[PDB]
Amino acid sequence: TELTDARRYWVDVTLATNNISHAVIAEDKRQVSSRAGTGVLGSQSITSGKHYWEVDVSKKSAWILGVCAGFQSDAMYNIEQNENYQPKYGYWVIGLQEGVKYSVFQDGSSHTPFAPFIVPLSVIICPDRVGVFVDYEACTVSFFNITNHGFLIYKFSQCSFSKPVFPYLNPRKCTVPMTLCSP
């Protein structure tokens with residue numbers, strides 16, 4: 001009734017782009033959202049077969065890289081915002097922080113679902129370049145230390161590949177670029 005009366009004055013609101021906000025306004029100016037983190041995906045989904053690529057992380061003091069099933073579940077567990085990367089949320093990633101601290105991101109307790117279980121990696125020869133290998137049929141994601149004779153850094157097995165997955169890169173507040181090498 002009060003609402004019904006109010007609706008008589010329904011107007012067509014569109015948003016103004018401004019240059020004071022970090023807000024992201026859709027092309028049609030009828031939708032707005034926030035940005036979270038600095039994670040980016042490859043442009044082509046992987047839903048079959050074997051895929052290899054290499055990421056140059058020379059001189060970077062921090063990063064996250066691996067494979068991601070997308071940002072669909074980012075909001076519910078505040079993933080990018082709190083670096084809550086877990087296989088159960090569609091992330092198979094390793095990371096570096098503070099120049100020398102390498103870790104793998106694993107599933108954490110559901111009793112504390114907003115924080116992952118971070119496991120230190122033993123890295124002796126710091127990688128300038130990391131190879132990432134997805135075998136979608138086998139459900140594995142492998143990380144190779146190109147700088148260290150290509151020795152395996154870590155391998156995720158029995159991955160829950162029920163959805164398309166993508167290369168995942170995150171420069172993680174470190175201003176040094178990370179680069180996809182060719183081929």
# chains A, B, ... in the order shown; residues from 1 in each chain; ligands from 1

$ closest_atom_pairs --of "segment 100-122 of chain A" --to "segment 156-167 of chain A" --cutoff "12 Å" --atoms "only C-alpha atoms" --output "Markdown table"
| residue | atom | partner | partner_atom | distance |
| --- | --- | --- | --- | --- |
| A:104 | CA | A:156 | CA | 9.6 |
| A:105 | CA | A:156 | CA | 10.1 |
| A:106 | CA | A:156 | CA | 9.4 |
| A:107 | CA | A:156 | CA | 11.5 |

$ write_last_selection --atoms "C-alpha atoms" --output "compact mmCIF listing (two decimals), in the first residue's frame"
# COMPACT_ATOMS: atom_id res chain seq x y z
CA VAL A 104 51.01 -24.51 -1.07
CA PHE A 105 47.35 -23.70 -0.37
CA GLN A 106 45.36 -26.66 0.91
CA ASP A 107 41.84 -27.33 2.21

$ select_by_dssp --residues "segment 40-151 of chain A" --states "helix (DSSP H, G or I)" --output "VMD selection string"
chain A and resid 79 to 82 87 to 89

$ closest_residue --among "A:24, A:123, A:46, A:118" --to "residue 139 of chain A" --atoms "only C-alpha atoms"
A:46

$ residues_around --residues "residue 15 of chain A" --least-positions-apart "3" --cutoff "8 Å" --atoms "only C-alpha atoms" --output "JSON, numbers by chain"
{"A": [25, 29, 30, 31]}

$ select_by_dssp --residues "chain A" --states "strand (DSSP E)" --output "CSV table (one decimal) with N, CA and C atoms, in the first residue's frame"
chain,number,residue,atom,x,y,z
A,24,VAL,N,33.1,-0.6,-9.9
A,24,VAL,CA,33.0,-1.0,-11.3
A,24,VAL,C,31.6,-0.9,-11.7
A,25,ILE,N,31.3,-0.1,-12.7
A,25,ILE,CA,29.9,0.1,-13.2
A,25,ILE,C,29.8,-0.6,-14.5
A,32,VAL,N,26.5,-2.2,-10.4
A,32,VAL,CA,27.8,-1.8,-9.9
A,32,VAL,C,28.3,-2.9,-8.9
A,33,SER,N,29.6,-3.1,-8.9
A,33,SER,CA,30.2,-4.1,-7.9
A,33,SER,C,31.6,-3.6,-7.5
A,40,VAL,N,44.0,-13.0,-11.8
A,40,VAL,CA,43.5,-13.0,-13.1
A,40,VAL,C,43.5,-14.4,-13.7
A,41,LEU,N,42.6,-14.7,-14.7
A,41,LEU,CA,42.5,-16.0,-15.3
A,41,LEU,C,43.0,-16.0,-16.7
A,50,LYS,N,45.7,-32.3,-21.8
A,50,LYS,CA,46.9,-31.9,-21.1
A,50,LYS,C,47.3,-30.5,-21.5
A,51,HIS,N,47.7,-29.7,-20.6
A,51,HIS,CA,48.0,-28.3,-20.9
A,51,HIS,C,49.2,-27.8,-20.0
A,52,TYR,N,50.2,-27.3,-20.7
A,52,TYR,CA,51.4,-26.8,-20.0
A,52,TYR,C,51.6,-25.3,-20.4
A,53,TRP,N,52.0,-24.5,-19.4
A,53,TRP,CA,52.5,-23.1,-19.6
A,53,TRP,C,53.6,-22.8,-18.6
A,54,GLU,N,54.2,-21.7,-18.8
A,54,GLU,CA,55.3,-21.2,-18.0
A,54,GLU,C,55.2,-19.8,-17.6
A,55,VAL,N,55.4,-19.5,-16.3
A,55,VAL,CA,55.3,-18.1,-15.8
A,55,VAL,C,56.6,-17.6,-15.3
A,56,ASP,N,57.1,-16.5,-15.8
A,56,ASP,CA,58.3,-15.9,-15.4
A,56,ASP,C,58.0,-15.0,-14.2
A,63,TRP,N,53.7,-13.7,-5.1
A,63,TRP,CA,52.8,-14.1,-6.1
A,63,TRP,C,52.0,-15.3,-5.7
A,64,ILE,N,50.9,-15.6,-6.5
A,64,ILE,CA,50.2,-16.8,-6.4
A,64,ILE,C,50.0,-17.3,-7.8
A,65,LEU,N,50.2,-18.6,-8.1
A,65,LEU,CA,49.9,-19.1,-9.4
A,65,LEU,C,49.5,-20.5,-9.4
A,66,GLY,N,48.7,-20.9,-10.4
A,66,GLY,CA,48.3,-22.3,-10.5
A,66,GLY,C,47.1,-22.3,-11.4
A,67,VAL,N,46.0,-22.9,-10.9
A,67,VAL,CA,44.8,-23.2,-11.7
A,67,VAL,C,43.6,-22.9,-10.8
A,68,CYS,N,42.5,-22.4,-11.5
A,68,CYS,CA,41.4,-21.9,-10.8
A,68,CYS,C,40.1,-22.3,-11.6
A,91,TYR,N,40.5,-23.8,-6.2
A,91,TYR,CA,41.9,-23.3,-6.4
A,91,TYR,C,42.9,-24.3,-6.2
A,92,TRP,N,43.8,-24.5,-7.1
A,92,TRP,CA,45.0,-25.4,-6.9
A,92,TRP,C,46.2,-24.5,-7.2
A,93,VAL,N,46.7,-23.9,-6.1
A,93,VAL,CA,47.7,-22.9,-6.3
A,93,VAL,C,48.9,-23.0,-5.3
A,94,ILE,N,50.0,-22.5,-5.7
A,94,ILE,CA,51.1,-22.3,-4.7
A,94,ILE,C,51.4,-20.8,-4.7
A,95,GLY,N,52.2,-20.3,-3.7
A,95,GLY,CA,52.5,-18.9,-3.6
A,95,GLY,C,53.8,-18.6,-3.0
A,96,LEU,N,54.2,-17.4,-3.1
A,96,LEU,CA,55.4,-16.8,-2.5
A,96,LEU,C,55.1,-15.6,-1.8
A,97,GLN,N,55.7,-15.4,-0.6
A,97,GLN,CA,55.6,-14.1,0.1
A,97,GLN,C,56.9,-13.7,0.7
A,101,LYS,N,59.4,-17.0,1.3
A,101,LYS,CA,58.5,-18.0,1.9
A,101,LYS,C,57.5,-18.6,0.9
A,102,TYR,N,57.8,-19.8,0.5
A,102,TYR,CA,56.9,-20.5,-0.5
A,102,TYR,C,56.0,-21.4,0.2
A,103,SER,N,54.7,-21.5,-0.3
A,103,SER,CA,53.7,-22.3,0.4
A,103,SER,C,52.8,-22.9,-0.6
A,104,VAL,N,52.1,-24.0,-0.3
A,104,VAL,CA,51.0,-24.5,-1.1
A,104,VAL,C,49.7,-24.3,-0.3
A,105,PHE,N,48.6,-24.0,-1.0
A,105,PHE,CA,47.4,-23.7,-0.4
A,105,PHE,C,46.5,-25.0,-0.4
A,106,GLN,N,46.1,-25.4,0.8
A,106,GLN,CA,45.4,-26.7,0.9
A,106,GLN,C,44.0,-26.4,1.6
A,117,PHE,N,44.5,-23.8,4.7
A,117,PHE,CA,45.6,-24.5,5.4
A,117,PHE,C,46.8,-24.3,4.6
A,118,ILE,N,47.7,-23.5,5.1
A,118,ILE,CA,48.9,-23.1,4.3
A,118,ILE,C,50.1,-23.9,4.7
A,119,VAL,N,50.7,-24.6,3.7
A,119,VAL,CA,51.8,-25.6,4.0
A,119,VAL,C,53.0,-25.1,3.4
A,120,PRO,N,54.1,-24.9,4.2
A,120,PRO,CA,55.4,-24.4,3.7
A,120,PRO,C,56.0,-25.4,2.7
A,129,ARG,N,61.3,-18.9,-12.8
A,129,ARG,CA,60.3,-19.4,-13.7
A,129,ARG,C,59.6,-20.7,-13.2
A,130,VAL,N,58.3,-20.7,-13.3
A,130,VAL,CA,57.6,-21.9,-12.8
A,130,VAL,C,56.7,-22.5,-14.0
A,131,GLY,N,56.9,-23.8,-14.2
A,131,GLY,CA,56.0,-24.5,-15.2
A,131,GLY,C,54.8,-25.0,-14.5
A,132,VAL,N,53.6,-24.9,-15.2
A,132,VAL,CA,52.4,-25.4,-14.6
A,132,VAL,C,51.8,-26.4,-15.6
A,133,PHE,N,51.4,-27.6,-15.1
A,133,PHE,CA,51.0,-28.6,-16.0
A,133,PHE,C,49.7,-29.2,-15.4
A,134,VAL,N,48.6,-29.1,-16.2
A,134,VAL,CA,47.3,-29.7,-15.9
A,134,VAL,C,47.1,-30.9,-16.8
A,135,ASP,N,46.8,-32.0,-16.1
A,135,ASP,CA,46.3,-33.2,-16.8
A,135,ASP,C,44.9,-33.3,-16.4
A,140,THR,N,45.2,-33.9,-12.2
A,140,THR,CA,46.4,-33.4,-11.5
A,140,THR,C,46.9,-32.0,-11.9
A,141,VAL,N,47.5,-31.3,-11.0
A,141,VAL,CA,48.1,-30.0,-11.3
A,141,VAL,C,49.5,-30.1,-10.8
A,142,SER,N,50.5,-29.9,-11.7
A,142,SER,CA,51.9,-30.0,-11.3
A,142,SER,C,52.7,-28.7,-11.5
A,143,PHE,N,53.6,-28.4,-10.6
A,143,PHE,CA,54.4,-27.2,-10.6
A,143,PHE,C,55.9,-27.6,-10.7
A,144,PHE,N,56.6,-27.0,-11.7
A,144,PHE,CA,58.0,-27.4,-12.0
A,144,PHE,C,58.9,-26.1,-11.8
A,145,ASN,N,60.0,-26.4,-11.1
A,145,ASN,CA,61.0,-25.3,-10.9
A,145,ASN,C,61.9,-25.3,-12.1
A,151,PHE,N,62.8,-29.6,-11.7
A,151,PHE,CA,62.3,-30.5,-10.6
A,151,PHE,C,61.0,-30.1,-10.1
A,152,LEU,N,60.1,-31.1,-9.8
A,152,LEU,CA,58.8,-30.9,-9.3
A,152,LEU,C,58.8,-30.1,-8.0
A,153,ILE,N,58.0,-29.1,-7.9
A,153,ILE,CA,57.8,-28.3,-6.6
A,153,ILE,C,56.7,-28.9,-5.8
A,154,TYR,N,55.6,-29.2,-6.5
A,154,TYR,CA,54.4,-29.7,-5.9
A,154,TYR,C,53.4,-30.3,-6.9
A,155,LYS,N,52.7,-31.3,-6.5
A,155,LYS,CA,51.6,-31.8,-7.4
A,155,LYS,C,50.3,-32.0,-6.6
A,156,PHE,N,49.2,-31.5,-7.1
A,156,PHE,CA,47.9,-31.7,-6.5
A,156,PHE,C,47.4,-32.9,-7.3
A,166,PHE,N,41.0,-22.9,-15.3
A,166,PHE,CA,41.7,-21.9,-16.0
A,166,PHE,C,43.1,-21.7,-15.4
A,167,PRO,N,44.1,-21.3,-16.2
A,167,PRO,CA,45.4,-20.8,-15.6
A,167,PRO,C,45.0,-19.6,-14.7
A,168,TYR,N,45.7,-19.6,-13.5
A,168,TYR,CA,45.5,-18.5,-12.6
A,168,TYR,C,46.8,-17.8,-12.2
A,169,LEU,N,46.8,-16.5,-12.3
A,169,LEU,CA,48.0,-15.7,-11.9
A,169,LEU,C,47.6,-14.6,-11.0
A,170,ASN,N,48.4,-14.3,-10.0
A,170,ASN,CA,48.2,-13.2,-9.1
A,170,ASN,C,49.5,-12.5,-8.7
A,179,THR,N,55.0,-12.8,-16.1
A,179,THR,CA,54.8,-12.9,-17.5
A,179,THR,C,54.6,-14.4,-18.0
A,180,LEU,N,53.8,-14.5,-18.9
A,180,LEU,CA,53.6,-15.8,-19.6
A,180,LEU,C,54.6,-16.0,-20.7

$ closest_residue --among "A:109, A:61, A:86, A:17" --to "residue 176 of chain A" --atoms "only C-alpha atoms"
A:61

$ closest_residue --among "A:26, A:20, A:138, A:181" --to "residue 48 of chain A" --atoms "only C-alpha atoms"
A:138

$ closest_residue --among "A:126, A:121, A:23, A:115" --to "residue 78 of chain A" --atoms "only C-alpha atoms"
A:115

$ atom_distance --atom1 "atom CA of residue 124 of chain A" --atom2 "atom CA of residue 100 of chain A"
9.6 Å

$ atom_distance --atom1 "atom CA of residue 34 of chain A" --atom2 "atom CA of residue 89 of chain A"
20.1 Å

$ decode --residues "segment 70-138 of chain A" --atoms "C-alpha atoms" --output "PDB file, in the first residue's frame"
ATOM      1  CA  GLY A  70      36.820 -19.239 -11.569  1.00  0.00           C
ATOM      2  CA  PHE A  71      35.689 -16.465  -9.225  1.00  0.00           C
ATOM      3  CA  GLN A  72      32.151 -17.827  -8.765  1.00  0.00           C
ATOM      4  CA  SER A  73      32.707 -18.813  -5.119  1.00  0.00           C
ATOM      5  CA  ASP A  74      34.883 -15.806  -4.258  1.00  0.00           C
ATOM      6  CA  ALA A  75      32.178 -13.883  -2.404  1.00  0.00           C
ATOM      7  CA  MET A  76      30.894 -16.672  -0.160  1.00  0.00           C
ATOM      8  CA  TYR A  77      34.312 -17.374   1.371  1.00  0.00           C
ATOM      9  CA  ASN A  78      35.846 -13.955   0.656  1.00  0.00           C
ATOM     10  CA  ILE A  79      38.537 -15.723  -1.309  1.00  0.00           C
ATOM     11  CA  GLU A  80      40.479 -13.022  -3.130  1.00  0.00           C
ATOM     12  CA  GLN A  81      39.941 -10.555  -0.297  1.00  0.00           C
ATOM     13  CA  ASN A  82      41.468 -12.858   2.326  1.00  0.00           C
ATOM     14  CA  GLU A  83      43.590 -15.127   0.113  1.00  0.00           C
ATOM     15  CA  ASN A  84      41.354 -18.041   1.087  1.00  0.00           C
ATOM     16  CA  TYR A  85      42.531 -20.284  -1.749  1.00  0.00           C
ATOM     17  CA  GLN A  86      41.473 -23.908  -1.294  1.00  0.00           C
ATOM     18  CA  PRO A  87      40.983 -26.866  -3.649  1.00  0.00           C
ATOM     19  CA  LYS A  88      37.440 -27.218  -2.266  1.00  0.00           C
ATOM     20  CA  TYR A  89      36.730 -23.693  -3.557  1.00  0.00           C
ATOM     21  CA  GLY A  90      38.290 -24.443  -6.938  1.00  0.00           C
ATOM     22  CA  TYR A  91      41.873 -23.261  -6.424  1.00  0.00           C
ATOM     23  CA  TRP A  92      44.993 -25.371  -6.930  1.00  0.00           C
ATOM     24  CA  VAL A  93      47.737 -22.852  -6.292  1.00  0.00           C
ATOM     25  CA  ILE A  94      51.142 -22.277  -4.743  1.00  0.00           C
ATOM     26  CA  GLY A  95      52.485 -18.934  -3.589  1.00  0.00           C
ATOM     27  CA  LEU A  96      55.425 -16.830  -2.517  1.00  0.00           C
ATOM     28  CA  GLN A  97      55.562 -14.078   0.080  1.00  0.00           C
ATOM     29  CA  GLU A  98      58.266 -11.923   1.653  1.00  0.00           C
ATOM     30  CA  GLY A  99      60.772 -12.907  -1.022  1.00  0.00           C
ATOM     31  CA  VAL A 100      61.606 -16.361   0.319  1.00  0.00           C
ATOM     32  CA  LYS A 101      58.512 -17.965   1.885  1.00  0.00           C
ATOM     33  CA  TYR A 102      56.932 -20.486  -0.504  1.00  0.00           C
ATOM     34  CA  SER A 103      53.696 -22.284   0.384  1.00  0.00           C
ATOM     35  CA  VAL A 104      51.011 -24.509  -1.065  1.00  0.00           C
ATOM     36  CA  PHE A 105      47.352 -23.702  -0.367  1.00  0.00           C
ATOM     37  CA  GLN A 106      45.361 -26.661   0.911  1.00  0.00           C
ATOM     38  CA  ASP A 107      41.845 -27.326   2.205  1.00  0.00           C
ATOM     39  CA  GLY A 108      41.334 -25.980   5.718  1.00  0.00           C
ATOM     40  CA  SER A 109      38.999 -27.031   8.515  1.00  0.00           C
ATOM     41  CA  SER A 110      35.315 -26.296   7.864  1.00  0.00           C
ATOM     42  CA  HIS A 111      35.257 -25.074  11.474  1.00  0.00           C
ATOM     43  CA  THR A 112      37.261 -22.088  10.225  1.00  0.00           C
ATOM     44  CA  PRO A 113      36.123 -21.934   6.574  1.00  0.00           C
ATOM     45  CA  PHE A 114      37.443 -18.410   5.883  1.00  0.00           C
ATOM     46  CA  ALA A 115      41.098 -19.427   6.232  1.00  0.00           C
ATOM     47  CA  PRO A 116      43.034 -21.976   4.185  1.00  0.00           C
ATOM     48  CA  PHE A 117      45.581 -24.473   5.429  1.00  0.00           C
ATOM     49  CA  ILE A 118      48.906 -23.088   4.289  1.00  0.00           C
ATOM     50  CA  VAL A 119      51.751 -25.580   4.027  1.00  0.00           C
ATOM     51  CA  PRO A 120      55.357 -24.416   3.685  1.00  0.00           C
ATOM     52  CA  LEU A 121      57.279 -25.643   0.660  1.00  0.00           C
ATOM     53  CA  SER A 122      60.970 -26.440   0.951  1.00  0.00           C
ATOM     54  CA  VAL A 123      62.531 -24.367  -1.823  1.00  0.00           C
ATOM     55  CA  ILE A 124      66.320 -24.333  -2.068  1.00  0.00           C
ATOM     56  CA  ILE A 125      66.845 -22.864  -5.533  1.00  0.00           C
ATOM     57  CA  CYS A 126      64.446 -19.929  -5.926  1.00  0.00           C
ATOM     58  CA  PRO A 127      62.485 -20.226  -9.190  1.00  0.00           C
ATOM     59  CA  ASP A 128      62.765 -17.388 -11.706  1.00  0.00           C
ATOM     60  CA  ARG A 129      60.262 -19.367 -13.739  1.00  0.00           C
ATOM     61  CA  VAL A 130      57.574 -21.890 -12.826  1.00  0.00           C
ATOM     62  CA  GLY A 131      56.037 -24.455 -15.163  1.00  0.00           C
ATOM     63  CA  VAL A 132      52.389 -25.380 -14.609  1.00  0.00           C
ATOM     64  CA  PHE A 133      50.962 -28.618 -15.979  1.00  0.00           C
ATOM     65  CA  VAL A 134      47.335 -29.671 -15.879  1.00  0.00           C
ATOM     66  CA  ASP A 135      46.309 -33.192 -16.804  1.00  0.00           C
ATOM     67  CA  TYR A 136      42.533 -32.797 -16.810  1.00  0.00           C
ATOM     68  CA  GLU A 137      41.802 -36.488 -17.384  1.00  0.00           C
ATOM     69  CA  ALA A 138      44.144 -37.588 -14.576  1.00  0.00           C
TER      70      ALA A 138
END
